[PDB]
Each structure stands twice: as structure tokens, then as C-alpha cells.
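Below: data.cif (mmCIF, C-alpha atoms)
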```
data_my_file
loop_
_atom_site.label_atom_id
_atom_site.label_comp_id
_atom_site.auth_asym_id
_atom_site.auth_seq_id
_atom_site.Cartn_x
_atom_site.Cartn_y
_atom_site.Cartn_z
CA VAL Z 1 114.73 55.02 44.64
CA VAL Z 2 116.52 55.06 41.27
CA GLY Z 3 115.25 57.04 38.27
CA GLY Z 4 113.16 59.37 40.40
CA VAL Z 5 113.07 63.01 41.47
CA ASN Z 6 112.90 65.11 44.68
CA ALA Z 7 109.46 64.81 46.27
CA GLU Z 8 107.94 68.12 47.33
CA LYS Z 9 107.28 68.81 51.01
CA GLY Z 10 103.98 67.20 52.00
CA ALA Z 11 103.76 65.26 48.73
CA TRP Z 12 103.31 61.92 50.50
CA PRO Z 13 102.11 62.68 54.03
CA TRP Z 14 101.84 58.97 54.94
CA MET Z 15 105.50 58.41 54.11
CA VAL Z 16 107.62 57.67 57.19
CA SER Z 17 111.35 57.22 57.81
CA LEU Z 18 112.08 54.55 60.37
CA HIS Z 19 115.14 55.58 62.36
CA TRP Z 20 116.86 52.89 64.40
CA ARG Z 21 119.70 53.86 66.76
CA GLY Z 22 119.69 57.32 65.23
CA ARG Z 23 119.68 56.44 61.50
CA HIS Z 24 117.15 55.90 58.69
CA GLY Z 25 117.03 52.14 58.05
CA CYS Z 26 113.70 51.57 56.27
CA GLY Z 27 110.51 53.29 55.20
CA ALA Z 28 106.92 52.71 56.31
CA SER Z 29 103.39 53.98 55.70
CA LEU Z 30 101.11 55.70 58.18
CA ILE Z 31 97.75 53.89 58.07
CA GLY Z 32 96.00 55.47 61.04
CA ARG Z 33 96.61 57.64 64.11
CA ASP Z 34 98.53 54.91 65.89
CA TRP Z 35 99.75 52.37 63.32
CA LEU Z 36 102.44 52.00 60.69
CA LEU Z 37 102.70 49.39 57.98
CA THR Z 38 106.22 48.26 56.97
CA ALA Z 39 108.17 45.24 55.75
CA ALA Z 40 108.84 42.42 58.22
CA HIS Z 41 112.49 42.18 57.18
CA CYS Z 42 112.85 45.77 58.35
CA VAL Z 43 111.88 44.88 61.93
CA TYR Z 44 112.99 41.25 62.18
CA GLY Z 45 115.46 40.86 65.02
CA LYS Z 46 114.75 44.41 66.18
CA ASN Z 47 111.68 43.46 68.21
CA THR Z 48 113.44 43.69 71.57
CA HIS Z 49 114.79 47.03 72.87
CA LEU Z 50 112.08 49.07 71.12
CA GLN Z 51 113.40 52.41 72.41
CA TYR Z 52 115.99 52.20 69.59
CA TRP Z 53 113.23 52.99 67.08
CA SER Z 54 111.98 56.42 66.23
CA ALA Z 55 109.23 56.85 63.64
CA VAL Z 56 109.85 60.11 61.79
CA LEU Z 57 106.74 61.47 60.04
CA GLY Z 58 106.25 64.56 57.87
CA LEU Z 59 109.89 64.31 56.88
CA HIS Z 60 111.26 65.82 53.68
CA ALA Z 61 115.06 66.00 54.14
CA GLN Z 62 116.86 63.75 56.63
CA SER Z 63 119.02 66.77 57.49
CA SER Z 64 115.86 68.63 58.51
CA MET Z 65 114.58 66.20 61.15
CA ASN Z 66 113.97 69.27 63.32
CA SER Z 67 111.36 71.24 61.33
CA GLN Z 68 108.03 71.79 63.07
CA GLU Z 69 106.51 70.02 60.05
CA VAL Z 70 108.10 66.89 61.45
CA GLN Z 71 106.42 64.66 64.01
CA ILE Z 72 108.47 61.97 65.70
CA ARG Z 73 107.18 59.08 67.81
CA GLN Z 74 108.51 56.18 69.83
CA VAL Z 75 107.48 52.70 68.73
CA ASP Z 76 105.67 50.59 71.32
CA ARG Z 77 104.76 47.35 69.69
CA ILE Z 78 105.87 45.50 66.59
CA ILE Z 79 103.62 42.88 65.05
CA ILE Z 80 105.21 40.72 62.35
CA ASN Z 81 102.84 38.77 60.11
CA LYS Z 82 102.73 35.22 61.31
CA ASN Z 83 103.36 33.83 57.83
CA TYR Z 84 106.61 35.75 57.41
CA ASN Z 85 109.37 33.53 56.03
CA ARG Z 86 112.64 35.48 55.79
CA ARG Z 87 114.12 32.79 53.54
CA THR Z 88 111.34 32.77 50.95
CA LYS Z 89 110.25 36.42 51.33
CA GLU Z 90 106.62 35.36 51.73
CA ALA Z 91 104.49 37.73 53.87
CA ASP Z 92 107.27 40.29 54.31
CA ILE Z 93 104.94 42.64 56.17
CA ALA Z 94 104.66 44.01 59.71
CA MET Z 95 102.93 46.65 61.75
CA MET Z 96 104.34 49.08 64.27
CA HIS Z 97 102.40 50.84 67.03
CA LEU Z 98 103.15 54.51 67.70
CA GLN Z 99 103.59 55.09 71.47
CA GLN Z 100 101.54 58.34 71.24
CA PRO Z 101 99.19 59.15 68.33
CA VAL Z 102 100.15 61.59 65.58
CA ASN Z 103 98.17 64.68 64.72
CA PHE Z 104 96.89 64.84 61.19
CA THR Z 105 98.37 67.90 59.50
CA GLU Z 106 99.30 69.12 56.01
CA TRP Z 107 102.47 67.05 56.32
CA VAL Z 108 101.16 63.99 58.16
CA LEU Z 109 98.11 61.96 57.10
CA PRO Z 110 97.34 58.21 56.76
CA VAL Z 111 96.87 56.34 53.45
CA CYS Z 112 93.88 54.33 52.38
CA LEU Z 113 94.62 50.63 51.89
CA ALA Z 114 93.92 48.59 48.79
CA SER Z 115 90.84 46.38 49.16
CA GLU Z 116 90.13 42.76 48.13
CA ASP Z 117 88.89 43.09 44.56
CA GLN Z 118 89.89 46.64 43.85
CA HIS Z 119 91.50 46.28 40.42
CA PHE Z 120 95.13 47.19 39.73
CA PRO Z 121 96.03 45.70 36.32
CA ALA Z 122 99.49 45.35 34.79
CA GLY Z 123 100.56 48.53 33.01
CA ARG Z 124 98.95 50.79 35.61
CA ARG Z 125 101.26 53.66 36.58
CA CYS Z 126 101.85 53.85 40.33
CA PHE Z 127 104.28 55.70 42.58
CA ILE Z 128 107.03 54.66 44.94
CA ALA Z 129 108.87 56.84 47.49
CA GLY Z 130 111.84 56.53 49.79
CA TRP Z 131 115.24 57.64 51.10
CA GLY Z 132 116.91 54.52 49.69
CA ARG Z 133 119.87 54.36 47.28
CA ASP Z 134 119.92 56.61 44.15
CA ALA Z 135 120.89 53.61 42.04
CA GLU Z 136 122.54 50.27 42.76
CA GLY Z 137 125.87 51.84 43.66
CA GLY Z 138 124.51 55.38 43.94
CA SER Z 139 124.34 57.47 47.11
CA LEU Z 140 121.67 58.06 49.74
CA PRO Z 141 119.60 61.17 49.02
CA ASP Z 142 118.98 63.72 51.78
CA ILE Z 143 115.62 64.65 50.20
CA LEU Z 144 112.84 62.07 49.84
CA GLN Z 145 112.63 60.61 46.32
CA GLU Z 146 109.58 59.67 44.27
CA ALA Z 147 109.21 57.84 40.97
CA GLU Z 148 106.47 56.53 38.71
CA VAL Z 149 106.68 52.78 37.84
CA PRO Z 150 104.20 50.49 36.04
CA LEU Z 151 102.71 47.35 37.57
CA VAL Z 152 103.79 44.10 35.96
CA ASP Z 153 101.63 41.02 35.46
CA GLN Z 154 102.01 38.24 38.08
CA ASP Z 155 103.27 35.60 35.64
CA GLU Z 156 105.94 37.96 34.33
CA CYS Z 157 107.07 38.80 37.86
CA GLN Z 158 107.83 35.13 38.39
CA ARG Z 159 109.57 34.56 35.04
CA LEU Z 160 111.73 37.60 35.67
CA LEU Z 161 112.60 36.62 39.26
CA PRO Z 162 113.07 32.81 39.09
CA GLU Z 163 115.38 33.05 42.12
CA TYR Z 164 112.23 33.41 44.24
CA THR Z 165 108.87 31.72 44.58
CA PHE Z 166 106.63 34.62 43.62
CA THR Z 167 103.27 34.32 45.40
CA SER Z 168 99.79 35.86 45.35
CA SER Z 169 100.87 37.88 48.39
CA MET Z 170 103.40 39.75 46.21
CA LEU Z 171 103.34 42.28 43.35
CA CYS Z 172 106.12 43.61 41.21
CA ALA Z 173 106.71 46.79 39.22
CA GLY Z 174 109.33 48.19 36.88
CA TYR Z 175 110.33 48.81 33.26
CA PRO Z 176 111.71 46.17 30.85
CA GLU Z 177 114.68 48.44 30.13
CA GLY Z 178 115.10 49.18 33.84
CA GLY Z 179 116.11 52.52 35.35
CA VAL Z 180 113.24 53.08 37.77
CA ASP Z 181 112.97 51.01 40.95
CA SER Z 182 113.08 50.95 44.72
CA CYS Z 183 116.54 50.18 46.13
CA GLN Z 184 118.24 49.29 49.43
CA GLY Z 185 116.93 51.71 52.03
CA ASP Z 186 113.47 51.85 50.45
CA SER Z 187 112.27 48.60 52.04
CA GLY Z 188 109.05 48.99 54.00
CA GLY Z 189 108.01 52.11 52.07
CA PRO Z 190 104.91 52.49 49.86
CA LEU Z 191 103.80 51.62 46.38
CA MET Z 192 100.67 53.74 45.94
CA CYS Z 193 98.23 54.11 43.06
CA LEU Z 194 95.78 56.87 42.23
CA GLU Z 195 92.41 55.17 42.14
CA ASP Z 196 89.24 57.09 41.32
CA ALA Z 197 91.23 60.20 42.30
CA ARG Z 198 92.22 58.74 45.70
CA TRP Z 199 95.74 57.70 46.73
CA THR Z 200 95.68 54.03 47.75
CA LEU Z 201 98.41 51.86 49.22
CA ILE Z 202 98.89 48.77 47.08
CA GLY Z 203 102.27 47.40 48.10
CA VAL Z 204 105.03 47.48 50.71
CA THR Z 205 108.56 47.63 49.33
CA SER Z 206 110.04 44.21 49.96
CA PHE Z 207 112.83 42.77 47.79
CA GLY Z 208 114.48 42.64 44.42
CA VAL Z 209 117.44 41.54 42.39
CA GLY Z 210 119.64 44.62 42.51
CA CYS Z 211 117.84 47.84 41.67
CA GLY Z 212 116.81 49.41 38.38
CA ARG Z 213 118.27 46.56 36.35
CA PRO Z 214 116.73 45.60 32.98
CA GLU Z 215 113.95 43.02 33.44
CA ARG Z 216 114.32 42.95 37.23
CA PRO Z 217 111.23 44.74 38.58
CA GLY Z 218 111.17 45.46 42.32
CA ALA Z 219 108.86 43.31 44.43
CA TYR Z 220 106.33 44.40 47.06
CA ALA Z 221 104.15 42.71 49.69
CA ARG Z 222 100.60 42.93 48.35
CA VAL Z 223 98.53 45.00 50.77
CA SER Z 224 95.21 43.57 49.56
CA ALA Z 225 96.27 40.07 50.64
CA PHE Z 226 96.69 41.13 54.29
CA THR Z 227 93.40 42.97 54.80
CA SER Z 228 92.05 40.90 57.67
CA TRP Z 229 95.37 40.66 59.53
CA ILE Z 230 95.84 44.43 59.25
CA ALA Z 231 92.25 45.02 60.41
CA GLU Z 232 92.56 42.76 63.45
CA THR Z 233 95.91 44.12 64.62
CA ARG Z 234 94.55 47.70 64.67
CA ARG Z 235 94.66 49.43 68.11
#
```

Could I get this file's structure written as C-alpha cells?
Amino acid sequence: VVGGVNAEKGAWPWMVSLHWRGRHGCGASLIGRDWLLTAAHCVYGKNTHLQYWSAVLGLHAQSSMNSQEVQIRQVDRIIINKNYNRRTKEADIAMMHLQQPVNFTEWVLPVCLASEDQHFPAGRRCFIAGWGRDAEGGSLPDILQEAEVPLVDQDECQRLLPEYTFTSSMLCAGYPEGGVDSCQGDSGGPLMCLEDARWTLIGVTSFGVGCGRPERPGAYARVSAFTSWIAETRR
């Protein structure tokens, strides 16, 4: 995340770091005792020797993987949305089953998911979090970062990212002048909006042209478009 600040401990208790072969490689969101939501491109090609994965929850600093605030689980199952197209970025969304359930604590707790016609209009200020790059060309922060970014209207998303076919299963967010964005390493993590005083997961960090660039808002898989698939894959 570029243009953000250190998150406090327990700030985003659904935020998870996906370690693979011992290293953070993507983020994800806890959506229940047993299930994670992430980006498909995070798990594509890694749906084989699952013991390489470790879901790290309640994490603040990567250097403090060992705190008793931290819960860590093996990943048992990976379910990539059937419409995923790695070339076009459509349906870049997947679910991961935790091998043993997590306990809900101060530091670990699922997020509510955006519904069908819950309204999230352009201009709305939402939050992103992750352990991704500080900037395009910055370093990787030890401590989890958070930033506030505004949602951008669908038509603008597509004008600004003509390199892609921007669909109804995507959203985008960022500032015209740039400076605040999700970057490499943030993929799979959350875009969450405060809605009637309740944190709700709206997007899954998916792709972008660079990070934090002027008129290049980051793009996110739109949670509300995958409601039924998410529901059915549960447990």
C-alpha cells in the first residue's frame, strides 16, 4: 500500500497474510471460521502441494509471526471461481479453506460481505490494507499498512484503464493525482467500507497499472458480484 500509514494491532482483524513456502505472497480476508476470500491470481498454479501455504491471521508485523495474538492455519482446499480468466482479469477471486477453524478473538474476526444492492457510490471513502510495496519502487513494510481511498465510477475506471476490459465484476479506487493505492504484495487483500457503522468487504485487491500513479486507480474484484458462488462454496 502506497500513501498509507501503520495499522494498529487489531485494526483489521479479518486481514490475513498468505505465506507460501515461508513468505508473505498475498493478502486475504477472513469471512468465517473456516474460509478465506482472496484473489485467484494469488492461488493460480499453487493449487497442488497445499502444505506450502500457511494462512497467518491476527498479524501486525511480519517479524512478529510468533505473538500469541497470531493464529496460523494450514490451507486444505482452494476454490478458484470458475469464470476466472488470468488473461483478462475477469473474476480474479478465490476461496481458501482453513484446515482447522480459527477462534474469534480481539485480533481475529471475519468481515461482513457486501450484498447485491447495497449502495457504494463513487466518491465514497473506503479503506485498503496490506503488506505490499510502499510505492511502485518502494520497500516492503514489516508492519501492516492501511490507507483511505475513494471509489471511482465504473465508466471512469474503464477510461482510465483502457488496457483492460473493465467489467461489472470489478471496481476501482484511487485519486486523480495518485499517491494512494494498493501495490504488488497487496493482491487478494481487502477493500472495505464503513456502512451504517459496520465494516463491509466490498472488493478484493486484484490488479492495476503500476501503483499510486496519477489517473491509474487500483482495481478490485467486486464482492457483491460473487454472492451466490461465495455462499455455495461455504463449508

What do you get, as a compact mmCIF listing (two decimals) with C-alpha atoms, in the frame of the given file, if you spell out every residue that the PyMOL selection byres ((chain Z and resi 80) around 8) selects here?
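The new file out.txt reads:
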```txt
# COMPACT_ATOMS: atom_id res chain seq x y z
CA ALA Z 40 108.84 42.42 58.22
CA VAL Z 43 111.88 44.88 61.93
CA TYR Z 44 112.99 41.25 62.18
CA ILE Z 78 105.87 45.50 66.59
CA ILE Z 79 103.62 42.88 65.05
CA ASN Z 81 102.84 38.77 60.11
CA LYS Z 82 102.73 35.22 61.31
CA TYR Z 84 106.61 35.75 57.41
CA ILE Z 93 104.94 42.64 56.17
CA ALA Z 94 104.66 44.01 59.71
CA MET Z 95 102.93 46.65 61.75
```

Spatial neighbours of range 194-208 of chain Z, 6 Å, all atoms listed in the file, chain gap at least 5 places, as a short mmCIF file (atom, residue, chain, number, x, y, z; two decimals) with C-alpha atoms, keeping the file's coordinate frame:
```cif
data_model
loop_
_atom_site.label_atom_id
_atom_site.label_comp_id
_atom_site.auth_asym_id
_atom_site.auth_seq_id
_atom_site.Cartn_x
_atom_site.Cartn_y
_atom_site.Cartn_z
CA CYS Z 112 93.88 54.33 52.38
CA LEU Z 113 94.62 50.63 51.89
CA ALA Z 114 93.92 48.59 48.79
CA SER Z 187 112.27 48.60 52.04
CA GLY Z 188 109.05 48.99 54.00
CA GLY Z 189 108.01 52.11 52.07
CA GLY Z 218 111.17 45.46 42.32
CA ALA Z 219 108.86 43.31 44.43
CA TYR Z 220 106.33 44.40 47.06
CA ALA Z 221 104.15 42.71 49.69
CA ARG Z 222 100.60 42.93 48.35
CA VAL Z 223 98.53 45.00 50.77
#
```

Quiz item: Expanded to explicit residues, what is the PyMOL selection byres ((chain Z and resi 62-75) around 10) for this file, as a PyMOL selection string?
Solution: chain Z and resi 9-10+16-19+23-24+34-36+50-61+76-78+96-108+131+141-144

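Coordinates place CA of residue 173 in chain Z at a distance of 8.6 Å from CA of residue 126 in chain Z.
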
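With all atoms listed in the file as the atoms that count, the residue of Z:213, Z:119, Z:235, Z:133 with the shortest distance to residue 193 in chain Z is Z:119.
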
Exercise. Given the file shown, determine the residues that the PyMOL selection byres ((chain Z and resi 3) around 12) selects; report them as a PyMOL selection string.
Key: chain Z and resi 1-2+4-6+127-129+132-136+138+145-149+174-175+177-183+211-213

Please dump the current selection as an mmCIF file, in the coordinates of the input; keep C-alpha atoms.
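Listed below is the output, out03.cif:
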```cif
data_model
loop_
_atom_site.group_PDB
_atom_site.id
_atom_site.type_symbol
_atom_site.label_atom_id
_atom_site.label_comp_id
_atom_site.auth_asym_id
_atom_site.auth_seq_id
_atom_site.Cartn_x
_atom_site.Cartn_y
_atom_site.Cartn_z
ATOM 1 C CA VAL Z 1 114.730 55.020 44.640
ATOM 2 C CA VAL Z 2 116.520 55.060 41.270
ATOM 3 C CA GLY Z 4 113.160 59.370 40.400
ATOM 4 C CA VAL Z 5 113.070 63.010 41.470
ATOM 5 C CA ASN Z 6 112.900 65.110 44.680
ATOM 6 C CA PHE Z 127 104.280 55.700 42.580
ATOM 7 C CA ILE Z 128 107.030 54.660 44.940
ATOM 8 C CA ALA Z 129 108.870 56.840 47.490
ATOM 9 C CA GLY Z 132 116.910 54.520 49.690
ATOM 10 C CA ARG Z 133 119.870 54.360 47.280
ATOM 11 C CA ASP Z 134 119.920 56.610 44.150
ATOM 12 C CA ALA Z 135 120.890 53.610 42.040
ATOM 13 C CA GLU Z 136 122.540 50.270 42.760
ATOM 14 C CA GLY Z 138 124.510 55.380 43.940
ATOM 15 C CA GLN Z 145 112.630 60.610 46.320
ATOM 16 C CA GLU Z 146 109.580 59.670 44.270
ATOM 17 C CA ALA Z 147 109.210 57.840 40.970
ATOM 18 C CA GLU Z 148 106.470 56.530 38.710
ATOM 19 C CA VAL Z 149 106.680 52.780 37.840
ATOM 20 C CA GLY Z 174 109.330 48.190 36.880
ATOM 21 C CA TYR Z 175 110.330 48.810 33.260
ATOM 22 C CA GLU Z 177 114.680 48.440 30.130
ATOM 23 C CA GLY Z 178 115.100 49.180 33.840
ATOM 24 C CA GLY Z 179 116.110 52.520 35.350
ATOM 25 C CA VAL Z 180 113.240 53.080 37.770
ATOM 26 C CA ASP Z 181 112.970 51.010 40.950
ATOM 27 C CA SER Z 182 113.080 50.950 44.720
ATOM 28 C CA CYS Z 183 116.540 50.180 46.130
ATOM 29 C CA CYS Z 211 117.840 47.840 41.670
ATOM 30 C CA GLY Z 212 116.810 49.410 38.380
ATOM 31 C CA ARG Z 213 118.270 46.560 36.350
#
```

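Each of Z:225, Z:91, Z:109, Z:28 was compared to residue 191 in chain Z using all atoms listed in the file, and Z:28 turns out to be the nearest.
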
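In this comparison, which uses only C-alpha atoms, the residue of Z:227, Z:118, Z:158, Z:184 approaching residue 42 in chain Z most closely is Z:184.
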
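For the set Z:27, Z:33, Z:45, Z:88, the residue with the smallest atom-to-atom gap to residue 165 in chain Z is Z:88, counting all atoms listed in the file.
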
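Take CA of residue 167 in chain Z and CA of residue 152 in chain Z: the distance between them is 13.6 Å.
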
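With CA of residue 15 in chain Z on one side and CA of residue 111 in chain Z on the other, the separation reads 8.9 Å.
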
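Using only C-alpha atoms, the smallest distance between any of Z:186, Z:125, Z:164, Z:11 and residue 86 in chain Z comes from Z:164.
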